[PDB]
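The primary structure of each chain is shown beneath.
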Amino acid sequence: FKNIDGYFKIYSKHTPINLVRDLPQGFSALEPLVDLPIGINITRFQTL
Amino acid sequence: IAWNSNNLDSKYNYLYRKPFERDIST
């Protein structure tokens, strides 16, 4: 998630893993899925 | 683009105090 000049950008990537510990060693990339012209002058967040 | 709206808007309901930012609070 980025938020630059009102345009808030969301990249992502959904990928199969088999580990229960933490982020797995390897490489893959995240492709832009949404931009929004939100124009909100932002600071923080919280997950649901 | 801008034009003269005296004959369309003039009659006290147009207030005023990062680029492209709107600050609505007061």
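Each remark here, short or long, concerns the structure printed above.
Residues numbered from 1 in each chain as written, not as in the entry; some residues may be left out. Chains lettered and ligands numbered in written order. Part of a larger assembly, values for the part shown. Heavy atoms only, no water. Residues with missing side-chain atoms left out of burial classes, pairs and counts.

Two pairing modes exist for strands in a sheet, parallel and antiparallel, and in both the strands are linked by backbone hydrogen bonds. Residues and elements named next belong to chain A. Within the open sheet, the three strands sit side by side as β1-β2-β3. Their pairing is antiparallel. Two strands in the sheet have a free side with no partner beyond their single neighbour: β1 (2-4) and β3 (31-36). Pairwise comparison of adjacent strand axes, ignoring direction, gives a mean angle of 25° for this sheet. Taken together, the five bridges between strand β2 (residues 7-12) and β3 define a ladder with antiparallel strand orientation. In the sheet register, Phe8 faces β3, and the bridge partner there is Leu36. (Pairing = 2+ DSSP bridges. Helix = DSSP H or I, 4+ residues; strand = E, 2+ residues; numbered from the N terminus. Axes fitted to C-alpha atoms, helices over the stretch in contact; angles between N-to-C directions.)

Moving on: the pattern of salt bridges. In this structure, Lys9(A) engages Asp35(A) in a salt bridge whose closest nitrogen and oxygen atoms are separated by 4.0 Å. Separated by 26 residues along the polypeptide, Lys9(A) in strand β2 and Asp35(A) in strand β3 bring together distant segments of the chain. (Salt bridge = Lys/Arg side-chain N within 4 Å of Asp/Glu carboxyl O.)

Moving on to the pairing of β2(A). Residue and element names in this part refer to chain A. In terms of strand pairing, β1 meets β2 through three bridges, oriented antiparallel. In the strand pairing of β2, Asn3 is matched with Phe8. Counted along the chain from β1 to the antiparallel partner β2, the turn is two residues long, and its residue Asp5 has a positive phi close to 40°.

Note that every value here comes from positions in space, so none of it alone points to a role or purpose.
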